[PDB]
Every structure is written in structure tokens, then in C-alpha cells.
Amino acid sequence: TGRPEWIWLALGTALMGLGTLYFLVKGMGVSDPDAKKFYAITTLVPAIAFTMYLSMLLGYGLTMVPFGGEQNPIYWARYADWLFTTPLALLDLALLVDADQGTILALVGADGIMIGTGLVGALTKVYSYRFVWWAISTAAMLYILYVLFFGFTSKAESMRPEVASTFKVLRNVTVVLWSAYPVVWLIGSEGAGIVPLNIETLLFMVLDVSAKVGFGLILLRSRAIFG
Amino acid sequence: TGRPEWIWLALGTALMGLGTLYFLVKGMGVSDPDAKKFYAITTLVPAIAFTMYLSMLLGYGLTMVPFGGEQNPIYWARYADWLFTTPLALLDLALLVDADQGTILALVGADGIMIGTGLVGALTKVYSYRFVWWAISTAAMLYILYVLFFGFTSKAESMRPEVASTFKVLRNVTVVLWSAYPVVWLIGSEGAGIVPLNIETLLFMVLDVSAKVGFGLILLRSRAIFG
Amino acid sequence: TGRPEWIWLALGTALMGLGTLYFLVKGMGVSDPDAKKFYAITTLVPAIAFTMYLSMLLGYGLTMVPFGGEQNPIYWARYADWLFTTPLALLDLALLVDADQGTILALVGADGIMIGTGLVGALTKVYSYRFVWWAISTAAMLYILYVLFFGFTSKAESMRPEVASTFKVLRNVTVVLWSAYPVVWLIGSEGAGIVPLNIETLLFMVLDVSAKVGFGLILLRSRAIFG
Ligand SMILES: CC(C)CCC[C@@H](C)CCC[C@@H](C)CCC[C@@H](C)CCOC[C@@H](CO[C@H]1O[C@H](CO)[C@@H](O)[C@H](O)[C@H]1O[C@H]1O[C@H](CO[C@@H]2O[C@H](CO)[C@H](O)[C@H](OS(=O)(=O)O)[C@H]2O)[C@@H](O)[C@H](O)[C@@H]1O)OCC[C@H](C)CCC[C@H](C)CCC[C@H](C)CCCC(C)C
Ligand SMILES: CC(C)CCC[C@@H](C)CCC[C@@H](C)CCC[C@@H](C)CCOC[C@@H](CO[C@H]1O[C@H](CO)[C@@H](O)[C@H](O)[C@H]1O[C@H]1O[C@H](CO[C@@H]2O[C@H](CO)[C@H](O)[C@H](OS(=O)(=O)O)[C@H]2O)[C@@H](O)[C@H](O)[C@@H]1O)OCC[C@H](C)CCC[C@H](C)CCC[C@H](C)CCCC(C)C
Ligand SMILES: CC(C)CCC[C@@H](C)CCC[C@@H](C)CCC[C@@H](C)CCOC[C@@H](CO[C@H]1O[C@H](CO)[C@@H](O)[C@H](O)[C@H]1O[C@H]1O[C@H](CO[C@@H]2O[C@H](CO)[C@H](O)[C@H](OS(=O)(=O)O)[C@H]2O)[C@@H](O)[C@H](O)[C@@H]1O)OCC[C@H](C)CCC[C@H](C)CCC[C@H](C)CCCC(C)C
Ligand SMILES: *C\C=C(C)/C=C/C=C(C)/C=C/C1=C(C)CCCC1(C)C
Ligand SMILES: *C\C=C(C)/C=C/C=C(C)/C=C/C1=C(C)CCCC1(C)C
Ligand SMILES: *C\C=C(C)/C=C/C=C(C)/C=C/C1=C(C)CCCC1(C)C
Ligand SMILES: CCCCCCCCS[C@@H]1O[C@H](CO)[C@@H](O)[C@H](O)[C@H]1O
Ligand SMILES: CCCCCCCCS[C@@H]1O[C@H](CO)[C@@H](O)[C@H](O)[C@H]1O
Ligand SMILES: CCCCCCCCS[C@@H]1O[C@H](CO)[C@@H](O)[C@H](O)[C@H]1O
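Residues numbered from 1 in each chain as written, not as in the entry; some residues may be left out. Chains lettered and ligands numbered in written order. Heavy atoms only, no water.

Structure determination for this PDB entry was carried out by X-ray crystallography, with a resolution of 2.3 Å recorded in the header.

Under the PDB entry, the name given to chain A is Bacteriorhodopsin, and the source organism is Halobacterium. Under the heading Subunit, UniProt records this for chain A: "Homotrimer." We quote the UniProt Sequence similarities comment for chain A here in full: "Belongs to the archaeal/bacterial/fungal opsin family." (UniProt positions renumbered as here; feature names shortened; annotations may be inferred.)

Rendered as C-alpha cells:
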């Protein structure tokens, strides 16, 4: 406890945790080699989100950064979580659409830069600089979203209707959800202090649980994952 | 020198080093594309263990963590070593058994969580919390071992007898050896101080050399690695 | 500004940045699945070099290390950059030559050790030790270069002449360029202070831009990347 946002963290820890248990149980005895990958990728996302949120609740994933003439509390664990989970979500989309290795590598590369560059931004002591990294990170994201919206859709159009429509849903959700992140970051205590850490944490929480549990639900409950 | 455990560290450095030289020399001119992978994975394990142990001997891989109302010496390099070496050992087992990519990804994912979560546990300042991470890490391990014992055996049963029996041996050794780690950690200066750092280091040393040099010996000296 | 080497850093940031824009634009609408990988790998190298150089210019990728009875400025970001970019360059060479997965894994493994071990060397407080890690790192490099010069050439000899000769060029450039790194490091402020940080930074700059932009140019402007 202590920190006023501890509650959104513990709630997030709980949801990632149960979300994992459920996906695990649901994938129990699934032999389809293709479904397995989908289950392994999707189940690993919340499992990681769980460990990271718990680190924020317990205090480990929290550090202090001086900028703006003050010591600001920065949750680095969010980045460590995203670093490993965004690529997996990208893999799910790639497997569903049967993307070229070349484009998978670019997206993954684009993603690592986005999170890494975003983490650098969060830990920068010169207020003004935080926004530069936020722009480099956001540009990287637009590149990923641009390719997922156009390139992948075109790819999904060659799969059977169940796959095509499930991808469309997953596609619309990732574009909307992902674009919300740089916004919250910009208005939260890491960029402009237009919003308090308390709210900043609640937003990322809902944004995080939707992207990892919801996304998993949408995909795993469709037949789209079966060869 | 200095630290009373320097000797187990230097001895470990020596053994990882010679273990690498030997595996390297032994793999010299091997054309079998399958044997090569086995040699590349197995030879890389001690090569990494070498660099990490040397970092502990020289002092770099040693840090201090306050918990229990004291500054405890923590060898983080052990974790950095394990982070990269456990996945490789898992790859060896997977290649021997011809595991599904989906299960390879889950194990690797399970493994990163195990070591990462274990490293977080080692660096936590709130004594009580160290044990929580130890449980999350140990649960992750049981998942890996459960899948390697049942899932893989079943897989090996479809390979020729040389492969089947070599896997059985490797399987029995990893289960026994791996389960020893969380125990040493629990009774060592990182959990309950039932045992001194001096002994704690000697145990991990023997546990480490057996798992990386011994395991490599067992596998590399069998015909099991040949297509 | 401030640091006397800021200029070589900003110039490097600019060149990596433009080098990326150009490779991106050049790869615009390329359908050849093989060419795409080549473009994705090659374009990602400078994109990462860009983010890292910018971190050095802005000051983030700069830290201070005490050794020799003084606080020496150490640019860790160089290592973080190399950690991700050398493996990619290795992948390009591997794809051009169609290397065995086993050898790809060994080189990548050899490379991570080289950079990691080199980073450890840069951050070591005991002057004398810095040179030990420099030797372990350099040995790792010789292993990579030895395999790229002999093993790969032999491999390229089985491809069509355009591929064979482009590889020869790329091969000669990586051997010469890569061997220059441990030298600059040895004579620069990180090893023997025979050369000032100012020059040390200018050399790595030219060495870096040549290896990432030049290399990319040579490869991407040849037909060698087409199946
Ligand atoms: C697997 C996955 C896909 C990839 C994951 C990336 C991961 C593996 C690696 C990163 C690389 C690593 C090997 C390099 C680490 C070296 C290590 C020694 C340095 C670590 O520090 C870097 C951290 C920053 O730490 C900072 O935050 C903490 C917590 O808040 C602080 O405690 C710490 O001090 C901070 O350090 C920064 O500030 C220091 C400031 O010190 C002093 O501070 C005072 C005021 O307090 C004054 O300002 C002083 O100034 S003065 O008075 O002296 O003048 C000032 O000195 C600095 O000294 C430090 O240097 C530092 O700025 O951040 C890590 C950031 C990220 C992870 C790195 C960049 C990653 C890049 C974007 C990745 C692209 C990867 C992509 C995935 C490619 C995939 C390719 C495939 C193969 C295809
Ligand atoms: C490639 C491989 C498979 C993956 C490898 C993972 C690797 C790449 C990445 C980790 C991610 C990275 C990008 C984020 C780094 C950000 C960086 C700025 C922070 C680094 O710190 C994190 C370290 C902890 O450092 C701590 O230990 C050192 C050494 O002992 C200390 O010097 C340092 O200070 C410590 O920092 C902790 O404590 C700080 C405390 O500061 C103050 O301390 C005082 C007392 O001393 C008081 O307690 C103060 O309190 S108060 O008074 O102010 O109130 C207190 O503030 C904190 O401030 C710090 O925040 C911190 O708690 O640990 C890193 C841990 C691990 C590596 C991260 C979690 C990883 C997760 C389990 C990985 C799953 C990966 C799996 C492999 C997925 C694979 C997916 C595939 C694609 C399929
Ligand atoms: C994805 C890619 C391919 C792989 C990338 C590797 C990356 C993911 C992971 C590294 C692993 C990580 C999980 C472990 C991190 C734990 C963390 C808590 C520790 C981090 O510290 C390690 C840093 C060093 O930080 C140091 O530099 C900064 C900046 O300058 C300092 O601020 C910091 O303090 C430094 O810490 C060192 O010094 C400390 C000293 O403290 C005190 O200092 C005073 C003087 O100032 C006195 O000397 C004190 O002495 S005394 O008085 O008390 O007696 C002294 O205590 C120490 O306490 C610290 O312990 C430390 O020495 O470095 C990270 C180095 C590298 C990245 C790790 C080794 C990596 C290895 C070679 C990798 C092989 C990988 C290969 C790629 C395999 C691929 C396999 C495939 C699956 C096939
Ligand atoms: C954990 C699940 C998901 C879907 C995480 C997504 C995170 C992002 C898209 C983060 C993007 C960032 C940008 C674009 C710039 C500001 C820094 C961020 C890392 C928050
Ligand atoms: C380097 C070679 C091997 C086989 C290393 C294995 C390490 C483990 C199985 C470590 C497990 C841990 C657990 C289960 C919980 C406590 C923290 C540890 C990381 C020690
Ligand atoms: C970013 C582009 C390239 C080609 C980087 C190459 C870097 C090296 C070959 C670095 C080698 C090192 C050695 C051999 C020993 C000293 C420490 C270094 C990391 C500089
Ligand atoms: C704390 C560790 C959490 C690890 C989570 C791993 C995600 C595992 S998904 C699981 O993977 C199996 C392969 O092993 C498939 O056969 C199953 O169908 C699938 O559901
Ligand atoms: C310090 C750097 C240590 C690097 C260790 C790399 C392990 C290399 S194993 C070696 O890989 C070759 C492919 O290159 C195979 O052809 C050989 O049969 C096999 O034995
Ligand atoms: C800041 C983020 C920078 C990201 C850089 C990614 C490198 C992308 S190369 C690009 O990849 C496409 C697949 O997506 C191929 O179809 C194109 O032919 C090729 O040119």
C-alpha cells in the first residue's frame, strides 16, 4: 500500500493473474500445433504483465527521476512489460495473417525501438528531452500501426472468412488501444502534468488489461486460431 | 581474492573455461548440420558461464542488497548467466525431441520469467517479499519440469532408441539438478540464512558445472546428436 | 553541446538518421520476400544506431567510471547499439551466404559475448581488469571473423556470381572494419590513454557510419539481395 495508486496496481496484478490462469486452463489439452502457438503467445502476454504489475505494487518496478526541478516517481516496470509483450501481440497478428519474416523482423525491430526509446524518454532528466524521445517513439508506433492496418489486412484477405474477420476485429482494437498509450503518457506525469499519477496509472491499467486479457479473449475464443 | 568464496568462483571459472575448450575442440570439423546445432548450443552454455563466473571472481558480478537490516552481498551475474543458459539447455532438449515451436516458445517464456522473477527476488529490499518472488519463480520452474518430464518423453518415444535413452538420461539429470536450485537459494544467504554464502557459492558451483559441463558431456558423447 | 565531442556525436546522429531515411525510401515497394528481409535487417541497423547516437549527444548514453584514480566518461550507449546491430550485420551475411542455423547461432552467441564482455570491460573499476575483458572480447571477435572469412566464403562460392562477389566485398569490409574497433578501444580513453576521448569518438563515428551506412549501401545497391 502507501502510494495512492497501489489499488489500480493490485487490481491490475489480480486481473493479469486470473487472465493467465484462464488462458492456461483453456489451452489445457489442445493438440493443434497452430492453436498451441496462439495459446503459448497469448498466455505468455498476461503472465509477464502479472509479474511486472506485481513489481509495481510491491514497489520494485518504481524508481524516481529528477526533472522539472523535482523528483518524479517513474514506473519503469511498465516498459519492461511492454518490451516483451508488444512483440508477442505482434507475433499473434503475424501468425494469424501469415506475414513474411522480413516484415515480422521490421515490426519487432520497430517495436523494440518504440518501447526502448519510450523508456529512455521516461528516464531522461532534462524535461525538454523527454518529448523528443516521445516523438521518436510515437513515430515508430505509427509505422507499426500503418503496416498492421494496411499490410496485414491485405494479407488476411487471403485467409478463410473466420480468420479475416477475427483479424479485422483484432486489428481495430490494437490500432485504437495502441494509439491511446502515447496520449496518456503525454498528458500524464511523465510528459505534461495535465493528469495525476493516480489517474495516469488507472488509465494504463485499463489500457493494459484490455490489450492483454481482452485481446487474448477475442482471439482465443474464435476458431481463427485453428489451422 | 579477498571474499572467502573466491576459490569456488575461480575454480568454477576454470572448469567452465576448460569445458568450453574441450567442446570447441571436439566439434572442430563436424559437418552434420544437426550435430552442429547441438554443438553450437551446448558449447555456448559454458562459454557464457565462463564469462559470468569470471565476473564474480573479479568482483564485477557482485553487488550489495539491503534487507533484514543489513547489506547482503548478492551475485547478480548468476542470474545473467542463467538467463541465457537455461533457454539453451531447453533448446538442446527440444531439438533432441523435435518439440513443437509452440511448446518451445512456452518453455522459453516460462524460463525467462523464472530467471527474471528470480533475479527480482534476489534484489528485493523487503525481506518478506524475496520469498514471494521465489514462489513465483519456483512455480514457473515446476511448469518447465512438468512439460520436460511428460511432454518431451512422449515426444522422444517416437525417435530411434539412441535418441530415446539419451533424452531419458538428460531428462533425469535436468529434473534433479534444476530442482536443487530453488532449494539452495531458499537455504542460502538470499532466503533463509541457514547456510553461509561460502557454502551457498560452492553448491551453485557444483550445480552449475554439472548442469553445463556434465550435461554437455552426456549429450555430446552420444550418437543421439546425429540426424 | 558542452562535451568537446558533441559535434562528432551530432554528426553521427545526422548520418545514421539520413542513412535510415534513404534505406527506408529505397525499400518502399519491394515485393521480393528475400529482398525484404535484406532491407528490414539493413534498415534496422542505422535506425538503432540513430537512437543510440542521439542518446550520446543528449547525454543519456554517457556515464562516469572510476579507474586509474579518476572518473572517466564512458559512453555505454555505444555497446547497447553494437549489442543489437552487430548480430543483424551477421544475419545479412548469413542470409546472403545461406548459412546453417547452427553456425548462425554460434556467431550470434559469439557476438553477444563479444559486446557484452566488451561492455563489462568498459565499466570495470580496476584498470588492470579492463584489459582482461578486452582480450576475451577480442578473442570472440577473431572467432567471428575467422568463420566469416573462411566458412562463409566457401558457402558463397555455391551462389551465383553476383552473390559471390558482393559477399567478397562485404566480407573484406567487415574484417577490416571490425578489427579496427578493439584497436581504437585499446588506444582510446577506455584502455591506454594514448588518444583523447575527442578523437576516440571521431574514430568510432567514422567506423560506425561506414559499417552501418556504407555496408548497407554496398549490399542494398547490388542485385545480390534478390532471390
Ligand atoms: C530482448 C529485447 C528485445 C531487448 C532489450 C534491451 C536491453 C537488453 C539492453 C539495454 C543495453 C545494455 C546492454 C546497456 C546497459 C549498460 C548499463 C551500465 C547502463 C544502464 O543505465 C541505462 C538505463 C538508465 O538507468 C537510469 O535510471 C535509473 C533508475 O531511475 C537510475 O538509477 C540511473 O542512474 C539512470 O542512469 C542514467 O542517468 C545517469 C545520470 O547520472 C548523473 O545524474 C545526476 C542527477 O541525478 C546528473 O545529471 C549527472 O550529471 S553530471 O553532474 O555528472 O554532469 C549524471 O551523470 C547517467 O550517468 C547514465 O548514463 C544514464 O543516462 O536505461 C536503459 C535504456 C534502454 C533499455 C537502452 C536503449 C535501448 C534501444 C532503444 C534498444 C533497441 C532494441 C531493438 C529491440 C533491436 C532488436 C534486434 C533483433 C536482434 C532483431
Ligand atoms: C534476452 C532475455 C531473454 C530477456 C532479458 C530481460 C532484460 C532485457 C530487461 C529488463 C528490462 C529493462 C528494459 C528495464 C530497465 C530500466 C532501468 C532503468 C531500471 C533498472 O533497475 C532494475 C534492476 C534493479 O536494479 C537494482 O539492483 C542494483 C544492484 O544491487 C541497485 O544498484 C539498484 O539501485 C536496484 O534498483 C531497484 O531499487 C531501487 C531502490 O532505490 C531506493 O533504495 C533505498 C534503499 O537503498 C530505498 O528503498 C528507496 O525507497 S524510498 O526511500 O525512496 O522510499 C528506494 O527508492 C528502485 O528505485 C528501483 O526501481 C529498483 O527497484 O532489476 C532488473 C530486474 C529484471 C531483469 C526485470 C524484470 C524482467 C521480467 C521477469 C522478464 C520476462 C522476460 C521473458 C524472457 C519474455 C520473452 C518474450 C519473447 C519475445 C518470446
Ligand atoms: C538481447 C541481447 C542479445 C542480450 C543482452 C544482455 C542483457 C539482456 C542482460 C544483462 C543481465 C541482467 C538480467 C542482470 C542485471 C542485474 C542488475 C541489477 C545489475 C546491473 O548492473 C550491471 C551493469 C553495471 O552497472 C555498472 O555501470 C553503471 C554506470 O556507469 C553504474 O552506475 C553501476 O553502479 C555499475 O555497477 C557495477 O559496479 C557496482 C559497484 O558498486 C560499488 O562501487 C564502488 C566505487 O564506485 C566500490 O567499488 C564498491 O566496492 S566496495 O567498497 O563495496 O567494496 C562497489 O561495490 C557493483 O556493485 C555492481 O555489481 C556492478 O559491478 O553491467 C551489465 C553488463 C552486461 C550487459 C552483463 C553480462 C552479459 C553477458 C556477457 C551476455 C551474453 C549474452 C549472449 C547474447 C547469449 C545469447 C543466447 C541466445 C538465447 C542464443
Ligand atoms: C502491454 C500491452 C500493450 C498493447 C502495450 C502497448 C504500448 C504502447 C503502444 C506504448 C507506446 C508509447 C509511445 C508511442 C510513445 C510514449 C511512450 C510509450 C512507450 C508509452
Ligand atoms: C546454469 C545452468 C542451469 C541448469 C541453471 C538452472 C537454474 C535454475 C533452475 C534456477 C531456478 C530458481 C528458482 C526455481 C527459484 C529461486 C531462484 C532461482 C533463479 C535460483
Ligand atoms: C555498429 C557496427 C559495427 C560493425 C560494430 C562493431 C563492433 C565491434 C567489432 C566491437 C568489438 C570490441 C572488441 C573486439 C574488444 C574491445 C571492445 C569492443 C566492443 C569495442
Ligand atoms: C509462470 C509460467 C507461465 C507459463 C505460461 C506458458 C504459456 C503456456 S500455453 C500452453 O503451452 C503448451 C505447450 O507447452 C500447449 O500445448 C498448450 O495448448 C498451451 O495452452
Ligand atoms: C568466445 C566465443 C565462443 C564461441 C563458441 C561458439 C560455439 C561454436 S560451436 C561450433 O560451431 C560451428 C559453426 O560455426 C560448427 O560447425 C562446429 O561443429 C561447432 O563445434
Ligand atoms: C523507427 C522505426 C524504424 C523501422 C525501420 C524498419 C525497417 C523496415 S524495412 C521495410 O520493411 C517492409 C516490411 O514491413 C518491407 O516490405 C520493405 O521492402 C522494407 O524496406
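This is not the end of the story, as more comes after the structure.
**Considering the packing of helix α5 (residues 127-156) of chain B against helix α6 (residues 161-187) of chain B**
All names here are of chain B. Where α5 contacts α6, the two axes come as close as 10 Å, and the packing angle between them is 170°. Between α5 and α6, the angle is such that the two are roughly antiparallel. Together, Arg130, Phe131, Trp134, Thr138, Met141, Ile144, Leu145, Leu148, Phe149, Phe152, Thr153 and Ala156 of α5 and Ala164, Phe167, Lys168, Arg171, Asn172, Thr174, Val175, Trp178, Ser179, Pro182, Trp185 and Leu186 of α6 make up the contact between the two elements. By residue class, the composition of the contact of α5 with α6 is 16 nonpolar, five polar and three charged. (Axes fitted to C-alpha atoms, helices over the stretch in contact; angles between N-to-C directions. Helix = DSSP H or I, 4+ residues; strand = E, 2+ residues; numbered from the N terminus. Parallel < 35°, antiparallel > 145°, perpendicular 65-115°, else oblique. Contact = heavy atoms within 4.5 Å. Nonpolar A, V, L, I, M, F, W, Y, C, P; charged D, E, K, R; others polar.)

**Looking at the relation of the copies chain B and chain C**
Least-squares fitting of chain B to chain C yields an RMSD of 0.0 Å, with the transformation described by 0.0 Å of translation along the axis and a rotation of 120°. A rotation of that kind, with that shift, is consistent with a three-fold axis. (Least-squares fit on C-alpha atoms.)

**Some thoughts on the site of ligand 9**
Looking at ligand 9, the residues that line it are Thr103, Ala106 and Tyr143 of chain A together with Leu24, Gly27, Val30, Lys36, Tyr39, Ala40 and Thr43 of chain C. One chain alone does not account for the residues near ligand 9; they come from chains A and C. The contact in question runs from an oxygen atom of ligand 9 to an N or O atom on the backbone of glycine 27 of chain C, over 2.8 Å. Looking at which element gives the most residues to the shell around ligand 9, the answer is helix α2 (residues 33-57) of chain C, with four residues. Of the residues in the shell around ligand 9, the class split is six nonpolar, three polar and one charged. (Near = heavy atom within 4 Å. Polar contact = N/O pair within 3.5 Å; in protein donor to acceptor, adjacent residues only side chain to side chain.)

**Quick word on the interface of chain B and chain A**
When the parts come together, some accessible area is lost, and that loss is often what is quoted as the size of the interface. Taken together, the 17 residues of chain B in the interface contact 13 residues of chain A. Here chain B meets chain A over a buried area of about 1300 Å², counting both sides, of which 82% is carbon and sulfur. Contact with chain A buries surface across chain B, with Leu105, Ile113 and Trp133 of chain B losing the most and accounting together for 35% of the total. If you look at where chain B meets chain A, you find one salt bridge. Here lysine 36 of chain A and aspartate 100 of chain B are joined by a salt bridge, their closest N and O atoms 2.7 Å apart. Linking chain B with chain A are one residue pair in polar contact. Secondary structure elements with two or more residues in the side of chain B that touches chain A: α4 (101-122) and α5 of chain B. The class makeup of the residues in the side of chain B that touches chain A is 10 nonpolar, six polar and one charged. (Buried area = accessible area lost by both parts, 1.4 Å probe. Salt bridge = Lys/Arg side-chain N within 4 Å of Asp/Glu carboxyl O.)

**Section: the packing of aromatic side chains**
For the structure on display, the rule yields 33 aromatic pairs over all chains. Ring plane angle 85° and centroid distance 5.3 Å describe the contact between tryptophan 82 of chain B and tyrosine 181 of chain B, whose orientation is recorded as edge-to-face. Linking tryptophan 82 of chain B in helix α3 (residues 77-97) with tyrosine 181 of chain B in helix α6, this pair joins segments that are 99 residues apart in sequence. Each member of the pair, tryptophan 82 of chain B as well as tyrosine 181 of chain B, carries the same accessibility label: buried. With a centroid separation of 5.5 Å and 65° between ring planes, the pair formed by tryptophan 82 of chain B and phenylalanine 204 of chain B is classed as edge-to-face. Of this pair, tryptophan 82 of chain B sits in helix α3 while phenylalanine 204 of chain B sits in helix α7 (residues 197-220), and the two are 122 residues apart along the sequence. Among the aromatic residues, ring-to-ring pairing joins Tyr79, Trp82, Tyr181 and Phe204 of chain A into one connected group. Geometry around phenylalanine 67 of chain B places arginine 130 of chain B over its ring, the cationic atom sitting 3.7 Å from the centre. (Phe/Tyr/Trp six-rings, centres within 6.5 Å; stacked < 30°, edge-to-face > 60°. Buried < 20%, exposed > 50% of the residue type's maximum accessible area, 1.4 Å probe, protein only. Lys NZ or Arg CZ within 6 Å of the ring centre and 35° of its normal.)

**What to know about the nonpolar core**
Formed by 68 residues in total, the largest nonpolar core has its most connected members in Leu96, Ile144, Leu148 and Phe152 of chain C. Sequence-distant contacts of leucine 96 of chain C, defined by excluding residues within four places in its chain, comprise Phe38, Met159, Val163, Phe167, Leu170, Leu219 and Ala224 of chain C. (Core = buried A, V, L, I, M, F, W, Y, C linked by side-chain atoms within 4.5 Å.)

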